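Beneath this line is the structure, given in structure tokens, with notes to follow.
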Amino acid sequence: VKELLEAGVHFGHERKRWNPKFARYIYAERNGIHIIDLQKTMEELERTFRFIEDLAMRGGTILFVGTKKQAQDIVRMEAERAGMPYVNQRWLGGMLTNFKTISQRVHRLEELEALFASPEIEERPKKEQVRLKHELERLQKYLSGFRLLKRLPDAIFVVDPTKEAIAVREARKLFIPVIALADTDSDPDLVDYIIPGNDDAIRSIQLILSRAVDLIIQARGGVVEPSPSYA
Amino acid sequence: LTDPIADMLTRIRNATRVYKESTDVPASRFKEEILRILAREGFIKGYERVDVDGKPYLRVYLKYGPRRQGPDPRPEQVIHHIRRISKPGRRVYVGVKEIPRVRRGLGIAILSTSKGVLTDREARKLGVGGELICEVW
Amino acid sequence: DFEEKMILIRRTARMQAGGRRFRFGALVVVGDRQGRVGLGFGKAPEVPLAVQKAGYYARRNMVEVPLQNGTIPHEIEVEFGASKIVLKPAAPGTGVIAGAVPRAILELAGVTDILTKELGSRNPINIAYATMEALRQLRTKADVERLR
Amino acid sequence: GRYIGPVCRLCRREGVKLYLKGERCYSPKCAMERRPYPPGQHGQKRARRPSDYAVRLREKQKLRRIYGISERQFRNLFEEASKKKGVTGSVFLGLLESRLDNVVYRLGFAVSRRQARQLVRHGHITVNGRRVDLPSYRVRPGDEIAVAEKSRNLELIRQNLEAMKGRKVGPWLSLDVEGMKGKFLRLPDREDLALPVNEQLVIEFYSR
RNA sequence: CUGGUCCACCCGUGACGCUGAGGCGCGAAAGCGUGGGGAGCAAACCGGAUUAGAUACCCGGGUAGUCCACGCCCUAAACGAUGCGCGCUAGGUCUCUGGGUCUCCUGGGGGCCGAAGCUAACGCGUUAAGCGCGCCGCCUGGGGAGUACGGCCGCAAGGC
RNA sequence: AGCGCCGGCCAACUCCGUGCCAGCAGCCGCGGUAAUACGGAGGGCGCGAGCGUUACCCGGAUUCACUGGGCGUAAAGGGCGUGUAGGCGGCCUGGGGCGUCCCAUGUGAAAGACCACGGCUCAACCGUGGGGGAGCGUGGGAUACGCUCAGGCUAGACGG
Ligand code: SF4
Ligand SMILES: [Mg+2]
Ligand SMILES: [Mg+2]
Ligand SMILES: [Mg+2]
Ligand SMILES: [Mg+2]
Ligand SMILES: [Mg+2]
Ligand SMILES: [Mg+2]
Ligand SMILES: [Mg+2]
Ligand SMILES: [Mg+2]
Ligand SMILES: [Mg+2]
Ligand SMILES: [Mg+2]
Ligand SMILES: [Mg+2]
Ligand SMILES: [Mg+2]
Ligand SMILES: [Mg+2]
Ligand SMILES: [Mg+2]
Ligand SMILES: [Mg+2]
Ligand SMILES: [Mg+2]
Ligand SMILES: [Mg+2]
Ligand SMILES: [Mg+2]
Ligand SMILES: [Mg+2]
Ligand SMILES: [Mg+2]
Ligand SMILES: [Mg+2]
Ligand SMILES: [Mg+2]
Ligand SMILES: [Mg+2]
Ligand SMILES: [Mg+2]
Ligand SMILES: [Mg+2]
Ligand SMILES: [Mg+2]
Ligand SMILES: [Mg+2]
Ligand SMILES: [Mg+2]
Ligand SMILES: [Mg+2]
Ligand SMILES: [Mg+2]
Ligand SMILES: [Mg+2]
Ligand SMILES: [Mg+2]
Ligand SMILES: [Mg+2]
Ligand SMILES: [Mg+2]
Ligand SMILES: [Mg+2]
Ligand SMILES: [Mg+2]
Ligand SMILES: [Mg+2]
Ligand SMILES: [Mg+2]
Ligand SMILES: [Mg+2]
Ligand SMILES: [Mg+2]
Ligand SMILES: [Mg+2]
Ligand SMILES: [Mg+2]
Ligand SMILES: [Mg+2]
Ligand SMILES: [Mg+2]
Ligand SMILES: [Mg+2]
Ligand SMILES: [Mg+2]
Ligand SMILES: [Mg+2]
Ligand SMILES: [Mg+2]
Ligand SMILES: [Mg+2]
Ligand SMILES: [Mg+2]
Ligand SMILES: [Mg+2]
Ligand SMILES: [Mg+2]
Ligand SMILES: [Mg+2]
Ligand SMILES: [Mg+2]
Ligand SMILES: [Mg+2]
Ligand SMILES: [Mg+2]
Ligand SMILES: [Mg+2]
Ligand SMILES: [Mg+2]
Ligand SMILES: [Mg+2]
Ligand SMILES: [Mg+2]
Ligand SMILES: [Mg+2]
Ligand SMILES: [Mg+2]
Ligand SMILES: [Mg+2]
Ligand SMILES: [Mg+2]
Ligand SMILES: [Mg+2]
Ligand SMILES: [Mg+2]
Ligand SMILES: [Mg+2]
Ligand SMILES: [Mg+2]
Ligand SMILES: [Mg+2]
Ligand SMILES: [Mg+2]
Ligand SMILES: [Mg+2]
Ligand SMILES: [Mg+2]
Ligand SMILES: [Mg+2]
Ligand SMILES: [Mg+2]
Ligand SMILES: [Mg+2]
């Protein structure tokens, strides 16, 4: 499932703005930039995917987090495709560590879908319609990929662990294992199942997250053919 | 440099605490004999005489526990603790009957005796005492 | 369920105009007398809520203490800030010889025989944690060999 | 000497019947049966949480009050136990048990340890033949604890001997009624007595 | 005229090293002795203001002194409030000065931010306040008091 | 049958009297008209031919720290160098065996103390037996580390 010229796709990036624990995943540094050893990326993609597989084939949830503008859209696609939750927009504080309270907000979200499907009163004032609807779009913006989470994920997949340090933090306090793609600006030891690759180029964000979702469906019940990628 | 021995033990502690695979200490047929205890008792994987810039060293291969669950995934140490007892400032010697039981047996006290470098267990076995080099657990 | 002891309950205060305003702090240890203890410090605008909340966190933070004939496996020393705790193995008759704080933890953990000493700052809170983090570092003959 | 006062208040303070009387202990005219709250003006007031100190004092006082023994004598035994091999809590209870006046009350010759004292003190008792009127005689294994021959024929001791006929007596004792004599078999395993005492809390009282 | 120090070469010596109670030297300013010198500045001092008052702050004056030579004094928030030497434990950016194959690497300094770790915290963090060895100095509640007495130093002030 | 105590530490609570008075007090602190804190009282707690106070010793005090502390801001780095004594000191190899370590043996009185037993009706007290020790003399032995002598080295240091 794994493919090999991801070299055409990413080979990583970032100049000495690096974290030095990431030393082991580096072949050399080129155009004043850290160049990620793909042979290591391989060793890892395997061991990571093995974990991913077992989790799919036991029907266990993955939380997908990415909000850096680059990996932003491709998590709505790729996660819906896996029929799994994600946070696309802002990563609210305490989503895992204070789950039940955050979710108490999704009941509100549902409750608006129900109320605003119609009618059960449109004899409520004009302002209130406006007010309530504005709220509705709101929850929808952050909470959309979140509602699929009815229980604490059995794992979480993150695009930038540095950028999503809070996320990795919340998981570790819960023992929720962490999967992440991570370029050279990252603390490796902080990840359980790790994908040492460029995390800023959508070429790469694409390949890795897709093949992830692919392995997710392929072992879950079915197989599928190409999914959406912006050029 | 005033204490080659402490220097070694410290080179280790310092390394072990940032989880290096190895660290090299300047070689000594006495330092070796201590590493020959440190590995045998299973505190280190072991050592090998190497060379750095033409100069004799002992590269020492460090050992730890599993990765761990929790927000601090760093593994437990195998050498939790290692510290000089006898020092050049104050030589510390014990008769056999007064060799300490480190950590209720779970750790050792390496000792230079005139029957070579031994552990508490080993010393008590051959029934001799000596300078108490240090303690590990 | 678990067995519960209140080690400490204290009132704190903060100023603002018009007067001081209080809050309460509940240091609670909780255990099964058979190898499981938990320490939790809980604060709230009133006393029992704090004692409740204390007990809540107390469970959300536990430790598996390797009892051995009712004693601990080896000598152990721990410093938490300026507080120090000493734990030392004791034979069958000895009893638990300790101040309330590290006592309350050791009894509800099912220690029945130990020699202890507080050194340094004897602030109960810090002593509490220092005794916990201590227990948490106890190793068994096995634990060691598996490790090594 | 020993306590020698109102003895019901003791039980009431301890919150437990201690069987310090003999007969009346078992009737519904027992104090603890009528008023199982502490003696004096304030017993009905709601108790406030006893301190750690409080708790261990009480446990010690209780164990001590049972045997009606002076605090010095109690202490000296406990120390004796802390030098003596093994588990102090055991040995302490054991050594407390091997006292004459207790053994006599244990072997049933009297209704109260209080009564079992005056019995030893009035020379009505013997050990291995010889007369002994010391309430504190530490009795060893093998010892024959008789009634005085000249005392065998007495009302009180009769009535009290009669109440013993088929009552079974601790695993560490034998009682030969009519023969009026008994035997100290061994020092009591802890189980062999079932006193309302966490004797552990006692060791803890003296380690402060 | 003269000291320290760094680099490069890896040529010479062969542990010749570290610290250091005493001792010896150096030690800002003010001060002191003798002799110069004296524009500006300026304790003391005079006067004007300010002010309830104003032996101050502010304004006009002003002598020691400030400057030089020689001899004293020997203090300090003499501070990084951090003793010296060595070894070990991520890096990031700025900078000074060398040597390089001159993108970049390697020394020696000066700053910032930070891994681990420390720490009561504040903060420290290869310029450690981290982990260690050696030696030295020092602390042991506040005041009384750096006072008294004694001793040693000083011309005195005063110092230890 | 007495004596101390009953605010917290610390086990033991109510009434009256008093009203920053009289008084308590080991520390924190009590008393200014509803004092569990003064005095009496009832009651309670602790000990008991004793109970309390004062004095002194060790303890708690890891608060002189060997075990077992410290010095940026809490008390605590000498103003800085230079250097005497001292303390301390890199890698390799031999001799010596001073430290160190082992064995043997002498000494380590008796009492006391510790374990066992036994005698005074118990105990205290007292007796018999047992168990050793550090430390020091003597004989023998070991040689890793420290030492010392001897011979090598170049990573410390010094020099070109
Ligand atoms: S048990 Fe015997 S002694 Fe205790 S109260 Fe009832 S009667 Fe009095
Ligand atoms: Mg990034
Ligand atoms: Mg030591
Ligand atoms: Mg365990
Ligand atoms: Mg503390
Ligand atoms: Mg500390
Ligand atoms: Mg044991
Ligand atoms: Mg305290
Ligand atoms: Mg009974
Ligand atoms: Mg208790
Ligand atoms: Mg005992
Ligand atoms: Mg009974
Ligand atoms: Mg004691
Ligand atoms: Mg050369
Ligand atoms: Mg010097
Ligand atoms: Mg000097
Ligand atoms: Mg000067
Ligand atoms: Mg001057
Ligand atoms: Mg001057
Ligand atoms: Mg003058
Ligand atoms: Mg002059
Ligand atoms: Mg002049
Ligand atoms: Mg004027
Ligand atoms: Mg005027
Ligand atoms: Mg003026
Ligand atoms: Mg002027
Ligand atoms: Mg002028
Ligand atoms: Mg002029
Ligand atoms: Mg003049
Ligand atoms: Mg300055
Ligand atoms: Mg400096
Ligand atoms: Mg100073
Ligand atoms: Mg200071
Ligand atoms: Mg110095
Ligand atoms: Mg220092
Ligand atoms: Mg440069
Ligand atoms: Mg250049
Ligand atoms: Mg400089
Ligand atoms: Mg630099
Ligand atoms: Mg900084
Ligand atoms: Mg940190
Ligand atoms: Mg740096
Ligand atoms: Mg500090
Ligand atoms: Mg003073
Ligand atoms: Mg004083
Ligand atoms: Mg003076
Ligand atoms: Mg002065
Ligand atoms: Mg004088
Ligand atoms: Mg001075
Ligand atoms: Mg008293
Ligand atoms: Mg008391
Ligand atoms: Mg009380
Ligand atoms: Mg009056
Ligand atoms: Mg009144
Ligand atoms: Mg009082
Ligand atoms: Mg009163
Ligand atoms: Mg008496
Ligand atoms: Mg004292
Ligand atoms: Mg104490
Ligand atoms: Mg002391
Ligand atoms: Mg010390
Ligand atoms: Mg201190
Ligand atoms: Mg200085
Ligand atoms: Mg000076
Ligand atoms: Mg010298
Ligand atoms: Mg020397
Ligand atoms: Mg040497
Ligand atoms: Mg010798
Ligand atoms: Mg001897
Ligand atoms: Mg003797
Ligand atoms: Mg002895
Ligand atoms: Mg006898
Ligand atoms: Mg004897
Ligand atoms: Mg030799
Ligand atoms: Mg030589
Ligand atoms: Mg060199």
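Ligands are numbered from 1 in the order shown, chains are lettered A, B, ... in the order of the structure tokens, and residues start at 1 in each chain.
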
Determine, counting only C-alpha atoms (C1' of nucleotides), which protein, DNA and RNA residues have an atom within 8 Å of an atom of residue 108 (chain D); residues of the same chain fewer than 6 positions away are not included. Present the result as a PyMOL selection string. chain D and resi 160-161+164

With N, CA and C atoms retained, export the selected residues as a PDB file, in the first residue's frame.
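This went into result-v2.pdb:
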```pdb
ATOM      1  N   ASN D 160     -19.295 -19.941  92.448  1.00  0.00           N
ATOM      2  CA  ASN D 160     -18.548 -19.529  91.243  1.00  0.00           C
ATOM      3  C   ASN D 160     -17.901 -20.699  90.551  1.00  0.00           C
ATOM      4  N   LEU D 161     -17.531 -21.705  91.336  1.00  0.00           N
ATOM      5  CA  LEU D 161     -17.072 -22.960  90.756  1.00  0.00           C
ATOM      6  C   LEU D 161     -18.213 -23.712  90.055  1.00  0.00           C
ATOM      7  N   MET D 164     -19.117 -23.178  86.331  1.00  0.00           N
ATOM      8  CA  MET D 164     -18.106 -23.465  85.299  1.00  0.00           C
ATOM      9  C   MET D 164     -18.202 -24.810  84.570  1.00  0.00           C
TER      10      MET D 164
END
```

Contacts of chain D with ligand 59 up to 12 Å, shortest pair per row, only C-alpha atoms and all ligand atoms, as a tab-separated table:
```
residue	atom	partner	partner_atom_place_in_ligand_line	distance
D:206	CA	ligand 59	1 (Mg)	11.7
D:207	CA	ligand 59	1 (Mg)	9.0
D:208	CA	ligand 59	1 (Mg)	6.7
```

For the selection you just gave me, I'd like the residues written to a file as a CSV table (one decimal), in the first residue's frame, keeping N, CA and C atoms.
```csv
chain,number,residue,atom,x,y,z
D,206,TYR,N,2.7,4.6,72.2
D,206,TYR,CA,4.0,4.6,72.9
D,206,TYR,C,5.1,5.0,72.0
D,207,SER,N,4.9,5.2,70.7
D,207,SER,CA,6.0,5.5,69.8
D,207,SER,C,6.1,6.9,69.5
D,208,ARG,N,5.1,7.7,70.0
D,208,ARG,CA,5.2,9.2,70.1
D,208,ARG,C,6.3,9.7,71.0
```

Near chain A, meaning an atom within 10 Å, which residues of chain B appear when counting only C-alpha atoms? Write them as a ChimeraX atom specification. /B:67-74

Can you tell me, as a ChimeraX atom specification, which residues in chain C count as alpha helix (DSSP H) by DSSP? /C:47-59,100-107,124-135,141-147

File of the preceding selection, N, CA and C atoms, as a compact mmCIF listing (two decimals), in the first residue's frame:
```txt
# COMPACT_ATOMS: atom_id res chain seq x y z
N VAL C 47 -16.35 23.85 52.35
CA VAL C 47 -15.54 22.74 52.86
C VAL C 47 -15.83 21.37 52.24
N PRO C 48 -17.09 20.90 52.35
CA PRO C 48 -17.31 19.51 51.91
C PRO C 48 -17.11 19.33 50.41
N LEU C 49 -17.48 20.32 49.61
CA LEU C 49 -17.21 20.23 48.18
C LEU C 49 -15.73 20.01 47.94
N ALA C 50 -14.90 20.75 48.66
CA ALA C 50 -13.47 20.56 48.57
C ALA C 50 -13.10 19.12 48.94
N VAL C 51 -13.66 18.62 50.04
CA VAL C 51 -13.35 17.27 50.51
C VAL C 51 -13.85 16.24 49.50
N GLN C 52 -15.00 16.54 48.90
CA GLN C 52 -15.47 15.73 47.80
C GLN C 52 -14.41 15.82 46.70
N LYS C 53 -14.26 17.00 46.10
CA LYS C 53 -13.35 17.21 44.96
C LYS C 53 -11.96 16.64 45.22
N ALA C 54 -11.51 16.76 46.46
CA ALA C 54 -10.24 16.17 46.84
C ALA C 54 -10.28 14.68 46.50
N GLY C 55 -11.19 13.98 47.18
CA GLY C 55 -11.42 12.56 46.97
C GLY C 55 -11.57 12.19 45.50
N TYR C 56 -12.27 13.03 44.74
CA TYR C 56 -12.34 12.81 43.30
C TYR C 56 -10.92 12.69 42.70
N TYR C 57 -10.10 13.75 42.78
CA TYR C 57 -8.77 13.73 42.16
C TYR C 57 -7.94 12.61 42.73
N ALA C 58 -8.18 12.33 44.01
CA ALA C 58 -7.43 11.32 44.73
C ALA C 58 -7.44 10.00 43.98
N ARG C 59 -8.57 9.68 43.38
CA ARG C 59 -8.76 8.45 42.62
C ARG C 59 -8.11 8.57 41.24
N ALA C 100 1.60 11.93 61.05
CA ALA C 100 0.29 11.72 60.42
C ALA C 100 0.36 11.67 58.90
N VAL C 101 0.91 12.71 58.27
CA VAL C 101 0.92 12.77 56.81
C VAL C 101 1.47 11.50 56.19
N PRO C 102 2.74 11.17 56.40
CA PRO C 102 3.13 9.96 55.67
C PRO C 102 2.52 8.70 56.30
N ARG C 103 1.90 8.84 57.47
CA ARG C 103 1.18 7.72 58.08
C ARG C 103 -0.09 7.45 57.32
N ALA C 104 -0.96 8.46 57.29
CA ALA C 104 -2.21 8.34 56.57
C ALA C 104 -2.02 7.68 55.19
N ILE C 105 -0.92 8.00 54.49
CA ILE C 105 -0.68 7.40 53.18
C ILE C 105 -0.28 5.94 53.36
N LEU C 106 0.61 5.68 54.28
CA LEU C 106 1.11 4.32 54.39
C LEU C 106 0.11 3.30 54.97
N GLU C 107 -0.76 3.75 55.87
CA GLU C 107 -1.75 2.85 56.43
C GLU C 107 -2.75 2.47 55.32
N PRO C 124 2.89 19.87 55.08
CA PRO C 124 2.13 18.63 54.88
C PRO C 124 1.91 18.33 53.38
N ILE C 125 1.39 19.31 52.65
CA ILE C 125 1.22 19.16 51.23
C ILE C 125 2.47 18.61 50.57
N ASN C 126 3.60 19.30 50.71
CA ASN C 126 4.81 18.85 50.04
C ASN C 126 5.30 17.51 50.54
N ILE C 127 5.11 17.28 51.83
CA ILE C 127 5.45 16.00 52.42
C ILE C 127 4.57 14.89 51.84
N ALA C 128 3.27 15.18 51.73
CA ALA C 128 2.34 14.27 51.09
C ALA C 128 2.92 13.88 49.75
N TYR C 129 3.03 14.83 48.82
CA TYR C 129 3.51 14.50 47.48
C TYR C 129 4.86 13.78 47.53
N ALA C 130 5.71 14.19 48.44
CA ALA C 130 7.04 13.61 48.52
C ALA C 130 6.94 12.15 48.90
N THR C 131 6.01 11.82 49.79
CA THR C 131 5.78 10.43 50.15
C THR C 131 5.18 9.64 49.00
N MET C 132 4.27 10.27 48.24
CA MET C 132 3.69 9.60 47.08
C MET C 132 4.78 9.33 46.10
N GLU C 133 5.42 10.38 45.59
CA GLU C 133 6.43 10.18 44.55
C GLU C 133 7.50 9.18 45.00
N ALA C 134 7.61 9.03 46.31
CA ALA C 134 8.53 8.07 46.85
C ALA C 134 8.08 6.65 46.58
N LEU C 135 6.84 6.36 46.97
CA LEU C 135 6.23 5.04 46.82
C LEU C 135 6.28 4.62 45.36
N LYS C 141 12.45 -7.07 43.58
CA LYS C 141 13.58 -7.88 43.10
C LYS C 141 13.42 -8.17 41.60
N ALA C 142 12.20 -8.56 41.25
CA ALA C 142 11.84 -8.76 39.86
C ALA C 142 12.06 -7.50 39.04
N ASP C 143 11.24 -6.48 39.33
CA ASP C 143 11.24 -5.18 38.65
C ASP C 143 12.65 -4.85 38.18
N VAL C 144 13.60 -5.11 39.07
CA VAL C 144 14.98 -4.80 38.82
C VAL C 144 15.60 -5.72 37.77
N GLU C 145 15.32 -7.01 37.89
CA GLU C 145 15.95 -7.98 37.01
C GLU C 145 15.38 -7.87 35.59
N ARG C 146 14.06 -7.66 35.52
CA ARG C 146 13.36 -7.46 34.25
C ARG C 146 13.97 -6.26 33.55
N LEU C 147 14.04 -5.14 34.27
CA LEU C 147 14.81 -3.93 33.88
C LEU C 147 16.23 -4.21 33.42
```

Please report, as a Markdown table, each residue of chain D lying at most 10 Å from chain C, together with the nearest pair of atoms and the separation in Å rounded to one decimal; use only C-alpha atoms, and order rows by chain and ascending residue number.
```
| residue | atom | partner | partner_atom | distance |
| --- | --- | --- | --- | --- |
| D:52 | CA | C:100 | CA | 8.1 |
| D:82 | CA | C:93 | CA | 8.8 |
| D:85 | CA | C:93 | CA | 9.4 |
| D:86 | CA | C:93 | CA | 6.5 |
| D:87 | CA | C:93 | CA | 4.1 |
| D:88 | CA | C:93 | CA | 5.5 |
| D:89 | CA | C:93 | CA | 6.9 |
| D:90 | CA | C:93 | CA | 8.6 |
| D:91 | CA | C:93 | CA | 9.8 |
| D:200 | CA | C:95 | CA | 6.9 |
| D:201 | CA | C:95 | CA | 8.8 |
| D:202 | CA | C:95 | CA | 9.8 |
| D:203 | CA | C:95 | CA | 7.0 |
| D:204 | CA | C:95 | CA | 6.9 |
| D:207 | CA | C:97 | CA | 7.1 |
| D:208 | CA | C:97 | CA | 8.6 |
```

Restrict the selected residues to C-alpha atoms and save them as a PDB file, in the first residue's frame.
```
ATOM      1  CA  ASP D  52      -5.362  10.778  66.107  1.00  0.00           C
ATOM      2  CA  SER D  82       9.523  -4.340  72.940  1.00  0.00           C
ATOM      3  CA  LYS D  85      11.495 -11.518  70.599  1.00  0.00           C
ATOM      4  CA  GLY D  86       8.792 -11.370  67.958  1.00  0.00           C
ATOM      5  CA  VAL D  87       5.669  -9.374  67.547  1.00  0.00           C
ATOM      6  CA  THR D  88       5.286  -6.917  70.314  1.00  0.00           C
ATOM      7  CA  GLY D  89       1.465  -6.601  70.002  1.00  0.00           C
ATOM      8  CA  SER D  90       1.155 -10.350  70.553  1.00  0.00           C
ATOM      9  CA  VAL D  91       3.679 -10.730  73.315  1.00  0.00           C
ATOM     10  CA  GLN D 200      -1.554  -2.067  67.063  1.00  0.00           C
ATOM     11  CA  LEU D 201      -2.923   1.365  68.060  1.00  0.00           C
ATOM     12  CA  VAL D 202      -1.322   0.748  71.401  1.00  0.00           C
ATOM     13  CA  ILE D 203       2.207   0.316  70.066  1.00  0.00           C
ATOM     14  CA  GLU D 204       1.500   3.512  68.148  1.00  0.00           C
ATOM     15  CA  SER D 207       5.978   5.451  69.810  1.00  0.00           C
ATOM     16  CA  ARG D 208       5.200   9.163  70.052  1.00  0.00           C
TER      17      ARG D 208
END
```

I'd like to know which residues of chain B are strand (DSSP E or B) (by DSSP, run on the backbone); could you write them as an MDAnalysis selection string? chainID B and resid 22:26 46:52 55:61 64 77 82:84 93:94 108:114 116:118 130:136

Any chance you can output those residues with C-alpha atoms as a PDB file, in the first residue's frame?
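The resulting file, result.pdb, is shown below:
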```pdb
ATOM      1  CA  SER B  22      26.877   5.348  24.477  1.00  0.00           C
ATOM      2  CA  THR B  23      29.501   7.652  25.934  1.00  0.00           C
ATOM      3  CA  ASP B  24      33.264   7.333  25.988  1.00  0.00           C
ATOM      4  CA  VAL B  25      35.516   7.760  29.028  1.00  0.00           C
ATOM      5  CA  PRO B  26      39.318   7.906  29.018  1.00  0.00           C
ATOM      6  CA  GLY B  46      29.024  -3.534  28.118  1.00  0.00           C
ATOM      7  CA  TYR B  47      32.038  -1.632  26.772  1.00  0.00           C
ATOM      8  CA  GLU B  48      34.713  -1.792  24.180  1.00  0.00           C
ATOM      9  CA  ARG B  49      38.172  -0.265  24.035  1.00  0.00           C
ATOM     10  CA  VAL B  50      38.094   2.260  21.185  1.00  0.00           C
ATOM     11  CA  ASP B  51      40.236   5.221  20.107  1.00  0.00           C
ATOM     12  CA  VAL B  52      39.502   8.966  19.770  1.00  0.00           C
ATOM     13  CA  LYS B  55      43.918   8.235  22.332  1.00  0.00           C
ATOM     14  CA  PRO B  56      42.682   5.188  24.319  1.00  0.00           C
ATOM     15  CA  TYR B  57      39.084   5.313  25.475  1.00  0.00           C
ATOM     16  CA  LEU B  58      36.313   3.022  26.765  1.00  0.00           C
ATOM     17  CA  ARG B  59      33.028   3.428  24.826  1.00  0.00           C
ATOM     18  CA  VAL B  60      30.281   2.438  27.236  1.00  0.00           C
ATOM     19  CA  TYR B  61      26.940   1.124  25.956  1.00  0.00           C
ATOM     20  CA  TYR B  64      17.298   1.634  29.705  1.00  0.00           C
ATOM     21  CA  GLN B  77      16.893   4.094  34.010  1.00  0.00           C
ATOM     22  CA  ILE B  82      25.661   5.913  40.800  1.00  0.00           C
ATOM     23  CA  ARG B  83      27.948   7.946  43.155  1.00  0.00           C
ATOM     24  CA  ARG B  84      31.528   7.949  44.547  1.00  0.00           C
ATOM     25  CA  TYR B  93      37.646   1.627  53.659  1.00  0.00           C
ATOM     26  CA  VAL B  94      35.579  -1.188  55.158  1.00  0.00           C
ATOM     27  CA  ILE B 108      25.574  -3.105  44.552  1.00  0.00           C
ATOM     28  CA  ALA B 109      28.713  -1.604  46.027  1.00  0.00           C
ATOM     29  CA  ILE B 110      31.707  -2.105  43.831  1.00  0.00           C
ATOM     30  CA  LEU B 111      34.867  -2.422  45.976  1.00  0.00           C
ATOM     31  CA  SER B 112      38.591  -2.539  45.286  1.00  0.00           C
ATOM     32  CA  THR B 113      40.006  -5.298  47.400  1.00  0.00           C
ATOM     33  CA  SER B 114      43.319  -7.090  47.261  1.00  0.00           C
ATOM     34  CA  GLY B 116      40.355  -7.413  42.858  1.00  0.00           C
ATOM     35  CA  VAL B 117      37.218  -5.391  42.193  1.00  0.00           C
ATOM     36  CA  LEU B 118      34.155  -7.083  43.779  1.00  0.00           C
ATOM     37  CA  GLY B 130      38.616  -2.857  50.954  1.00  0.00           C
ATOM     38  CA  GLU B 131      38.173   0.666  49.556  1.00  0.00           C
ATOM     39  CA  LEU B 132      34.534   1.131  48.747  1.00  0.00           C
ATOM     40  CA  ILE B 133      34.691   2.571  45.235  1.00  0.00           C
ATOM     41  CA  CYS B 134      31.039   3.459  44.797  1.00  0.00           C
ATOM     42  CA  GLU B 135      27.401   2.513  44.820  1.00  0.00           C
ATOM     43  CA  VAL B 136      24.929   1.714  42.005  1.00  0.00           C
TER      44      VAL B 136
END
```

Grab me every residue within 10 Å of ligand 34, counting only C-alpha atoms (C1' of nucleotides) and all ligand atoms, and send it over as a count of residues only. 9

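Each residue with an atom within 9 Å of any atom of ligand 9 appears in the list, which was built counting only C-alpha atoms (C1' of nucleotides) and all ligand atoms: residues 17, 18, 19, 20, 66, 193, 194, 195 and 196 of chain D.
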
Nearby residues, ligand 37, 12 Å, only C-alpha atoms (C1' of nucleotides) and all ligand atoms, as an NGL selection string: :E and (7-8 or 97-100 or 102 or 106)

Could you report the residues within 12 Å of ligand 55, using only C-alpha atoms (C1' of nucleotides) and all ligand atoms, as a ChimeraX atom specification? /F:5-10,12,24-26,29-30,36-38

All residues having an atom within 9 Å of ligand 3 (only C-alpha atoms (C1' of nucleotides) and all ligand atoms) as a ChimeraX atom specification: /B:84-87,90,92 /F:66-67

Neighbours of ligand 19 within 12 Å, counting only C-alpha atoms (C1' of nucleotides) and all ligand atoms, as an NGL selection string? :E and (29-32 or 43 or 64-67 or 73)

How many Å separate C1' of residue 134 (chain E) from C1' of residue 88 (chain F)? 5.4 Å
